[PDB]
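> Structure incoming, see below.
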Amino acid sequence: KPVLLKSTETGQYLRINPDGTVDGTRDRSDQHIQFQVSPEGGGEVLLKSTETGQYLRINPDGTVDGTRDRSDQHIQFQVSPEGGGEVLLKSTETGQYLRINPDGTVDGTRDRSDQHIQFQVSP
(Lines of atoms letter the chains of each structure in order from A and count residues from 1; the text may use other names and numbers.)
(Lines give C-alpha, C1' and ligand atoms only; values in the text may rest on other atoms or scores of the structure.)
Protein backbone atom coordinates (compact mmCIF):
# COMPACT_ATOMS: atom_id res chain seq x y z
CA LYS A 1 0.00 0.00 0.00
CA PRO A 2 1.01 3.64 -0.58
CA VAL A 3 2.44 5.44 2.45
CA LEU A 4 3.23 9.07 3.28
CA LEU A 5 6.58 10.12 4.67
CA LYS A 6 6.23 13.12 6.97
CA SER A 7 9.04 14.96 8.71
CA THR A 8 7.89 15.19 12.31
CA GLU A 9 9.45 18.61 12.85
CA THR A 10 7.87 20.55 9.95
CA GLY A 11 4.84 18.49 9.08
CA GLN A 12 6.28 18.43 5.56
CA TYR A 13 5.67 15.40 3.38
CA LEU A 14 8.38 14.12 1.08
CA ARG A 15 7.56 14.69 -2.59
CA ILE A 16 9.20 13.46 -5.81
CA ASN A 17 8.31 15.80 -8.65
CA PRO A 18 7.96 14.65 -12.26
CA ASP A 19 11.08 16.66 -13.19
CA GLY A 20 13.19 14.53 -10.84
CA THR A 21 13.56 17.06 -8.05
CA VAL A 22 12.66 16.11 -4.48
CA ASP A 23 11.32 18.56 -1.89
CA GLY A 24 8.84 18.89 0.96
CA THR A 25 5.21 20.04 1.02
CA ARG A 26 2.21 20.41 3.31
CA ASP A 27 -0.31 20.05 0.49
CA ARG A 28 -1.84 16.66 1.31
CA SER A 29 -3.88 16.97 -1.89
CA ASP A 30 -0.62 16.49 -3.75
CA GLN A 31 -0.64 13.10 -5.52
CA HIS A 32 3.17 13.24 -5.61
CA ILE A 33 3.54 12.61 -1.85
CA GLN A 34 2.48 8.93 -2.07
CA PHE A 35 5.18 6.24 -1.88
CA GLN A 36 5.40 2.50 -2.34
CA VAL A 37 7.86 0.78 -0.04
CA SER A 38 9.36 -2.33 -1.57
CA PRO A 39 12.03 -4.75 -0.58
CA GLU A 40 15.53 -4.79 -1.96
CA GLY A 41 17.13 -8.13 -1.13
CA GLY A 42 16.70 -9.22 2.48
CA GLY A 43 17.03 -6.10 4.64
CA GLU A 44 16.82 -2.91 2.59
CA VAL A 45 13.95 -0.99 1.02
CA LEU A 46 13.33 1.19 -1.98
CA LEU A 47 11.09 4.27 -1.71
CA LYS A 48 9.20 4.71 -4.99
CA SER A 49 6.89 7.54 -6.03
CA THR A 50 3.57 5.84 -6.81
CA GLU A 51 2.60 8.47 -9.38
CA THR A 52 5.86 8.80 -11.30
CA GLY A 53 7.70 5.52 -10.71
CA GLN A 54 10.82 7.38 -9.53
CA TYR A 55 12.94 6.03 -6.69
CA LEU A 56 14.33 8.30 -4.02
CA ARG A 57 18.11 8.65 -4.34
CA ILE A 58 20.67 10.23 -1.99
CA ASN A 59 23.76 11.10 -4.01
CA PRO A 60 27.27 11.06 -2.56
CA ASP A 61 27.34 14.88 -2.50
CA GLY A 62 24.25 15.00 -0.31
CA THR A 63 21.76 16.03 -2.95
CA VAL A 64 18.50 14.09 -3.16
CA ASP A 65 16.68 13.41 -6.40
CA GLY A 66 14.53 10.85 -8.19
CA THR A 67 15.65 8.20 -10.64
CA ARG A 68 14.11 5.34 -12.58
CA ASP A 69 17.50 3.69 -12.99
CA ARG A 70 16.94 0.40 -11.22
CA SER A 71 20.70 -0.31 -11.28
CA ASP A 72 21.43 2.73 -9.12
CA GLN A 73 23.18 1.88 -5.87
CA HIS A 74 22.05 5.05 -4.08
CA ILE A 75 18.37 4.15 -3.87
CA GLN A 76 18.59 1.52 -1.11
CA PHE A 77 17.51 2.52 2.37
CA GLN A 78 17.59 1.05 5.83
CA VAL A 79 14.71 2.01 8.08
CA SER A 80 15.57 2.46 11.76
CA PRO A 81 12.91 2.81 14.47
CA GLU A 82 13.59 6.06 16.34
CA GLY A 83 11.07 5.59 19.14
CA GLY A 84 7.61 7.15 19.22
CA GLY A 85 6.54 5.74 15.88
CA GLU A 86 9.24 7.76 14.11
CA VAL A 87 11.88 6.26 11.85
CA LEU A 88 15.14 7.34 10.27
CA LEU A 89 15.71 6.63 6.58
CA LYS A 90 19.38 5.90 5.95
CA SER A 91 20.92 5.35 2.53
CA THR A 92 23.01 2.20 2.77
CA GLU A 93 25.62 3.24 0.20
CA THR A 94 26.61 6.58 1.78
CA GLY A 95 25.39 6.36 5.38
CA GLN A 96 23.34 9.54 4.90
CA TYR A 97 19.98 10.16 6.53
CA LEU A 98 17.17 11.76 4.55
CA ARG A 99 16.45 15.31 5.75
CA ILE A 100 13.65 17.78 5.05
CA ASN A 101 14.77 21.30 5.86
CA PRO A 102 12.41 24.03 7.03
CA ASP A 103 12.77 25.80 3.64
CA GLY A 104 11.33 22.72 1.93
CA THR A 105 14.58 21.46 0.40
CA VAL A 106 15.45 17.78 0.81
CA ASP A 107 19.02 16.56 1.27
CA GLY A 108 21.24 14.06 3.07
CA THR A 109 23.22 14.29 6.30
CA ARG A 110 25.45 11.88 8.19
CA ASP A 111 24.57 13.66 11.44
CA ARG A 112 22.31 11.24 13.29
CA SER A 113 21.62 13.97 15.86
CA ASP A 114 19.96 16.29 13.30
CA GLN A 115 16.34 17.04 14.27
CA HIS A 116 14.99 17.12 10.69
CA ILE A 117 15.68 13.44 9.82
CA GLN A 118 12.81 11.86 11.84
CA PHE A 119 9.83 10.68 9.79
CA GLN A 120 6.37 9.45 10.61
CA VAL A 121 5.27 6.82 8.10
CA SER A 122 1.49 6.65 7.61
CA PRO A 123 -0.76 4.60 5.27
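Quick note on numbering: the sequence shown equals residues 10 to 76, 76A, 77 to 103, 107 to 119, 123, 123A, 124 to 136 in PDB author numbering.
Quick reminder that beta carbons are idealized off the backbone N, C-alpha and C, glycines included.
Rounded to whole angstroms, what's the CA-CA distance from residue 19 to residue 78? Just pull it up for me.
31 Å
> Out of 15, 97, 113 and 70, which one is the CA nearest neighbour of residue 139?
The structure shown has nothing for residue 139, since the chain only spans 10 to 136.
> When DSSP labels each residue in this structure, what does residue 83 get in the three-state scheme?
coil
> Which same chain residues, not among the five before or five after residue 100, have their C-beta less than 8 Å away from its C-beta?
53, 84, 85 and 86
> To the nearest angstrom, report how far apart residue 61 and residue 45 are at their CA atoms.
Straight-line Cα distance between these residues: approximately 11 Å.
> Enumerate in chain order the residues of its own chain whose CB-to-CB distance from residue 89 is below 7 Å, with the five nearest sequence positions on each side excluded.
Once the five neighbours on either side are set aside, the close Cβ partners of residue 89 are 95.
> Leaving out five residues before and five after residue 113 in sequence, what residues of the same chain have Cβ atoms less than 6 Å from its Cβ?
19
> Should residue 76A go down as buried or exposed, given a rule of 16 or more other Cβ atoms within 10 Å for buried?
exposed
> Thinking C-alpha only, which one of 63, 123 and 37 is nearest residue 28?
63
> CB residue 107 to CB residue 50, shorter than 8 Å?
no
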